[PDB]
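J.: Structure file data_12.tsv (TSV, C-alpha atoms) right here:
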chain	number	residue	atom	x	y	z
A	16	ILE	CA	0.00	0.00	0.00
A	17	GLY	CA	3.03	2.24	-0.51
A	18	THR	CA	4.45	1.38	2.91
A	19	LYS	CA	7.68	3.23	3.63
A	20	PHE	CA	10.81	1.14	4.18
A	21	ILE	CA	14.43	1.77	5.09
A	22	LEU	CA	16.83	-0.11	2.81
A	23	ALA	CA	20.19	-1.37	4.06
A	24	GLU	CA	19.86	0.90	7.09
A	25	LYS	CA	21.34	3.54	4.78
A	26	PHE	CA	18.49	4.81	2.61
A	27	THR	CA	14.85	5.72	3.23
A	28	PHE	CA	12.65	4.45	0.41
A	29	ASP	CA	9.06	5.55	-0.22
A	30	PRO	CA	7.40	3.12	-2.62
A	31	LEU	CA	4.33	5.37	-2.74
A	32	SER	CA	6.19	8.37	-4.15
A	33	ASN	CA	8.76	6.11	-5.80
A	34	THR	CA	11.70	8.04	-4.37
A	35	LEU	CA	14.87	7.18	-2.45
A	36	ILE	CA	16.36	9.50	0.17
A	37	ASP	CA	19.85	8.92	1.56
A	38	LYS	CA	19.79	8.83	5.36
A	39	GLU	CA	23.31	10.26	5.42
A	40	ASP	CA	22.36	13.00	2.97
A	41	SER	CA	18.77	14.26	3.04
A	42	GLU	CA	19.61	16.54	0.11
A	43	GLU	CA	20.34	13.48	-2.02
A	44	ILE	CA	17.01	12.34	-3.43
A	45	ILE	CA	16.74	10.04	-6.45
A	46	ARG	CA	13.52	9.29	-8.32
A	47	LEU	CA	12.79	5.66	-9.19
A	48	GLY	CA	11.73	4.56	-12.67
A	49	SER	CA	8.66	2.52	-13.58
A	50	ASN	CA	10.18	-0.92	-14.08
A	51	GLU	CA	12.72	-0.06	-11.39
A	52	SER	CA	9.84	0.25	-8.94
A	53	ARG	CA	8.17	-2.85	-10.37
A	54	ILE	CA	11.20	-4.84	-9.25
A	55	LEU	CA	11.01	-3.62	-5.65
A	56	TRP	CA	7.24	-4.15	-5.69
A	57	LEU	CA	7.66	-7.81	-6.62
A	58	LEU	CA	10.39	-8.10	-3.98
A	59	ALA	CA	7.98	-6.57	-1.47
A	60	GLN	CA	5.32	-9.08	-2.54
A	61	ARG	CA	7.88	-11.88	-2.43
A	62	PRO	CA	10.33	-11.16	0.39
A	63	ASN	CA	13.51	-13.23	0.25
A	64	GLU	CA	12.64	-14.64	-3.17
A	65	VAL	CA	14.39	-14.32	-6.53
A	66	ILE	CA	12.46	-12.19	-9.02
A	67	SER	CA	12.82	-13.23	-12.65
A	68	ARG	CA	12.27	-11.30	-15.88
A	69	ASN	CA	9.20	-13.49	-16.37
A	70	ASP	CA	8.00	-12.35	-12.95
A	71	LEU	CA	8.46	-8.75	-14.06
A	72	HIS	CA	6.52	-9.50	-17.25
A	73	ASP	CA	3.76	-11.10	-15.18
A	74	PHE	CA	3.40	-7.92	-13.13
A	75	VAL	CA	3.16	-5.89	-16.34
A	76	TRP	CA	0.58	-8.29	-17.77
A	77	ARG	CA	-1.50	-8.08	-14.59
A	78	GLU	CA	-3.73	-5.12	-13.71
A	79	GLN	CA	-4.95	-2.58	-16.26
A	80	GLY	CA	-1.72	-0.57	-16.23
A	81	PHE	CA	0.91	-0.56	-18.98
A	82	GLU	CA	4.71	-0.75	-19.13
A	83	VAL	CA	6.35	2.64	-19.63
A	84	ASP	CA	9.60	0.97	-20.67
A	85	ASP	CA	11.97	3.22	-18.72
A	86	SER	CA	14.58	0.46	-18.63
A	87	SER	CA	15.14	-3.29	-18.85
A	88	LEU	CA	15.43	-5.62	-15.86
A	89	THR	CA	19.23	-5.67	-15.82
A	90	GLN	CA	19.39	-1.93	-16.49
A	91	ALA	CA	16.90	-1.30	-13.68
A	92	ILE	CA	19.01	-3.44	-11.36
A	93	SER	CA	22.12	-1.46	-12.27
A	94	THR	CA	20.26	1.75	-11.40
A	95	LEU	CA	19.09	0.24	-8.11
A	96	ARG	CA	22.69	-0.69	-7.32
A	97	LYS	CA	23.80	2.87	-8.03
A	98	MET	CA	20.98	4.30	-5.91
A	99	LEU	CA	21.95	2.02	-3.02
A	100	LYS	CA	25.61	2.81	-3.66
A	101	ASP	CA	26.45	-0.90	-3.73
A	102	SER	CA	29.76	-2.46	-4.76
A	103	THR	CA	30.40	-2.91	-8.49
A	104	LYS	CA	32.61	-5.99	-8.32
A	105	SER	CA	30.90	-7.66	-5.36
A	106	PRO	CA	27.53	-6.16	-4.43
A	107	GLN	CA	26.43	-6.87	-0.86
A	108	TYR	CA	22.95	-5.35	-1.01
A	109	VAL	CA	21.83	-6.58	-4.43
A	110	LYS	CA	22.25	-10.26	-5.30
A	111	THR	CA	22.32	-11.68	-8.83
A	112	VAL	CA	21.33	-15.31	-9.35
A	113	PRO	CA	22.41	-16.82	-12.66
A	114	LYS	CA	19.49	-17.97	-14.80
A	115	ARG	CA	17.02	-17.22	-12.01
A	116	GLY	CA	16.78	-13.44	-11.66
A	117	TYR	CA	17.66	-10.86	-9.01
A	118	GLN	CA	17.10	-10.65	-5.26
A	119	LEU	CA	17.43	-7.73	-2.84
A	120	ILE	CA	19.69	-8.43	0.13
A	121	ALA	CA	19.37	-4.96	1.66
A	122	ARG	CA	17.63	-5.12	5.03
A	123	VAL	CA	14.03	-3.92	4.84
A	124	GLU	CA	12.81	-2.01	7.90
A	125	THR	CA	9.18	-0.92	8.14
A	126	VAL	CA	8.82	2.81	8.76
A	127	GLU	CA	5.19	3.84	8.29
A	128	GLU	CA	2.04	3.26	6.24
Output the file's structure as structure tokens, nothing else.

T.:
Amino acid sequence: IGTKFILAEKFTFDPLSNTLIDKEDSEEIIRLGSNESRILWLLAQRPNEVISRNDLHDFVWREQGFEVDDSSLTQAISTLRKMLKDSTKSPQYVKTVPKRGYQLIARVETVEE
């Protein structure tokens, strides 16, 4: 329902507004793209589960909404990694599973509804 979460105890994420605000820098606010938010939505609906490209497609196919096509899955993941300021060579907050999809490792702390 757009419940606010803190990611990785480093960033405050508002799914409702689709924005990420760095806890260490309140002036640093990054807007999240359509498919980029679709990923985190599926992760919110499937905590601790790997989200595939087919899963993303399923979300798009569901409801009466349409895909804006801001970016691909992998591209959206790259953006998410940048937004969370994760490691390039060995990310510790975003996990990639070969031939399965992607899974968020960042700790998810409930803030408010």

J.: What's the separation between atom CA of residue 125 of chain A and atom CA of residue 95 of chain A, in Å to one decimal place?

T.: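 Value for the atom CA of residue 125 of chain A-atom CA of residue 95 of chain A distance: 19.1 Å.
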
J.: Between atom CA of residue 124 of chain A and atom CA of residue 16 of chain A, what is the spacing in Å?

T.: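 Calculated distance between atom CA of residue 16 of chain A and atom CA of residue 124 of chain A is 15.2 Å.
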
J.: Counting all atoms listed in the file, figure out which residue out of A:114, A:81, A:67, A:126 gets nearest to residue 22 of chain A.

T.: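 Once distances to residue 22 of chain A are computed over all atoms listed in the file, the minimum belongs to A:126.
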
J.: Enter the distance from atom CA of residue 41 of chain A to atom CA of residue 58 of chain A, in Å, rounded to one decimal.

T.: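 Atom-to-atom, atom CA of residue 41 of chain A to atom CA of residue 58 of chain A, that is 24.9 Å.
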
J.: May I have the residues at most 10 Å from (17.6, -13.5, -12.3) in the file's coordinates, counting all atoms listed in the file, as an NGL selection string?

T.: :A and (65-70 or 88-89 or 110-118)

J.: Take the residues just selected and output them with C-alpha atoms as a PDB file, in the frame of the given file.

T.:
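Below is the file that was written, out.pdb:
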ATOM      1  CA  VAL A  65      14.390 -14.320  -6.530  1.00  0.00           C
ATOM      2  CA  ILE A  66      12.460 -12.190  -9.020  1.00  0.00           C
ATOM      3  CA  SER A  67      12.820 -13.230 -12.650  1.00  0.00           C
ATOM      4  CA  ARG A  68      12.270 -11.300 -15.880  1.00  0.00           C
ATOM      5  CA  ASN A  69       9.200 -13.490 -16.370  1.00  0.00           C
ATOM      6  CA  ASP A  70       8.000 -12.350 -12.950  1.00  0.00           C
ATOM      7  CA  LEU A  88      15.430  -5.620 -15.860  1.00  0.00           C
ATOM      8  CA  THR A  89      19.230  -5.670 -15.820  1.00  0.00           C
ATOM      9  CA  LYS A 110      22.250 -10.260  -5.300  1.00  0.00           C
ATOM     10  CA  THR A 111      22.320 -11.680  -8.830  1.00  0.00           C
ATOM     11  CA  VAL A 112      21.330 -15.310  -9.350  1.00  0.00           C
ATOM     12  CA  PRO A 113      22.410 -16.820 -12.660  1.00  0.00           C
ATOM     13  CA  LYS A 114      19.490 -17.970 -14.800  1.00  0.00           C
ATOM     14  CA  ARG A 115      17.020 -17.220 -12.010  1.00  0.00           C
ATOM     15  CA  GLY A 116      16.780 -13.440 -11.660  1.00  0.00           C
ATOM     16  CA  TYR A 117      17.660 -10.860  -9.010  1.00  0.00           C
ATOM     17  CA  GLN A 118      17.100 -10.650  -5.260  1.00  0.00           C
TER      18      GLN A 118
END

J.: Skip residue 35 of chain A itself and residues of its chain fewer than 4 positions away, then list as a list in words all residues within 8 Å of it, counting all atoms listed in the file.

T.: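 Returned residues: residues 26, 27, 28, 29, 44, 45, 46, 47 and 98 of chain A.
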
J.: Which of these, A:36, A:107, A:64, A:49, has the shortest distance to residue 91 of chain A once you count all atoms listed in the file?

T.: A:49

J.: Taking (5.4, -10.2, -6.6) in the file's coordinates as the center, which residues reach within 9 Å of it, counting all atoms listed in the file, put as a ChimeraX atom specification?

T.: /A:53-62,66,70-71,73-74

J.: Would you place a box with edges along x, y and z of the file around all atoms of segment 47-65 of chain A listed there, add 3 Å to each of its six sides, and report the centre and edge lengths in Å to one decimal, as JSON?

T.:
{"center_x": 9.9, "center_y": -4.5, "center_z": -6.8, "size_x": 15.1, "size_y": 26.3, "size_z": 20.5}

J.: Ranking A:109, A:103, A:96, A:84 by minimum distance to residue 50 of chain A and counting only C-alpha atoms, which one comes first?

T.: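 Among the listed residues, the smallest separation from residue 50 of chain A belongs to A:84.
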
J.: Select, from A:24, A:78, A:72, A:86, the residue with the minimum atom-to-atom distance to residue 38 of chain A, counting only C-alpha atoms.

T.: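 Smallest separation from residue 38 of chain A among the options: A:24.
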
J.: Pick out the closest residue to residue 122 of chain A from this set: A:79, A:93, A:63, A:102. Count all atoms listed in the file.

T.: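 The answer is A:63, which sits nearest to residue 122 of chain A.
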
J.: Could I get segment 75-91 of chain A rebuilt with N, CA, C and O atoms, written as a short mmCIF file (atom, residue, chain, number, x, y, z; two decimals), keeping the file's coordinate frame?

T.:
data_model
loop_
_atom_site.label_atom_id
_atom_site.label_comp_id
_atom_site.auth_asym_id
_atom_site.auth_seq_id
_atom_site.Cartn_x
_atom_site.Cartn_y
_atom_site.Cartn_z
N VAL A 75 3.59 -6.77 -15.26
CA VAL A 75 3.16 -5.89 -16.34
C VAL A 75 1.87 -6.38 -16.97
O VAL A 75 0.99 -5.58 -17.30
N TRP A 76 1.75 -7.69 -17.14
CA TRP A 76 0.58 -8.29 -17.77
C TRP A 76 -0.64 -8.17 -16.87
O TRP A 76 -1.77 -8.06 -17.35
N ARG A 77 -0.42 -8.20 -15.56
CA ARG A 77 -1.50 -8.08 -14.59
C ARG A 77 -1.99 -6.63 -14.50
O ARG A 77 -1.33 -5.71 -14.98
N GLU A 78 -3.14 -6.45 -13.87
CA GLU A 78 -3.73 -5.12 -13.71
C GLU A 78 -4.11 -4.52 -15.06
O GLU A 78 -4.00 -5.18 -16.09
N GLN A 79 -4.55 -3.27 -15.04
CA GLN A 79 -4.95 -2.58 -16.26
C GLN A 79 -3.89 -1.57 -16.69
O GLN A 79 -4.07 -0.85 -17.67
N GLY A 80 -2.80 -1.51 -15.94
CA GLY A 80 -1.72 -0.57 -16.23
C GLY A 80 -0.85 -1.07 -17.38
O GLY A 80 -1.00 -2.21 -17.83
N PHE A 81 0.05 -0.22 -17.85
CA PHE A 81 0.91 -0.56 -18.98
C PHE A 81 2.37 -0.26 -18.66
O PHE A 81 2.67 0.60 -17.82
N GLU A 82 3.28 -0.96 -19.33
CA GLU A 82 4.71 -0.75 -19.13
C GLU A 82 5.18 0.51 -19.83
O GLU A 82 4.99 0.67 -21.04
N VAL A 83 5.80 1.41 -19.07
CA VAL A 83 6.35 2.64 -19.63
C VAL A 83 7.63 2.38 -20.40
O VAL A 83 7.96 3.10 -21.34
N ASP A 84 8.35 1.34 -20.00
CA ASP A 84 9.60 0.97 -20.67
C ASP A 84 10.69 1.99 -20.40
O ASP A 84 11.35 2.47 -21.32
N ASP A 85 10.88 2.33 -19.13
CA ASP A 85 11.97 3.22 -18.72
C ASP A 85 13.32 2.53 -18.85
O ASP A 85 14.31 3.15 -19.25
N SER A 86 13.36 1.24 -18.52
CA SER A 86 14.58 0.46 -18.63
C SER A 86 14.29 -1.03 -18.54
O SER A 86 13.22 -1.44 -18.09
N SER A 87 15.25 -1.84 -18.97
CA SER A 87 15.14 -3.29 -18.85
C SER A 87 15.36 -3.75 -17.42
O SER A 87 15.67 -2.95 -16.54
N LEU A 88 15.19 -5.05 -17.18
CA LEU A 88 15.43 -5.62 -15.86
C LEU A 88 16.85 -5.36 -15.39
O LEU A 88 17.07 -4.77 -14.33
N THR A 89 17.83 -5.79 -16.19
CA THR A 89 19.23 -5.67 -15.82
C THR A 89 19.63 -4.21 -15.67
O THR A 89 20.38 -3.85 -14.75
N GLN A 90 19.13 -3.36 -16.56
CA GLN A 90 19.39 -1.93 -16.49
C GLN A 90 18.78 -1.32 -15.23
O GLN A 90 19.40 -0.48 -14.58
N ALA A 91 17.58 -1.76 -14.89
CA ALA A 91 16.90 -1.30 -13.68
C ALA A 91 17.66 -1.73 -12.43
O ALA A 91 17.74 -0.98 -11.46
#
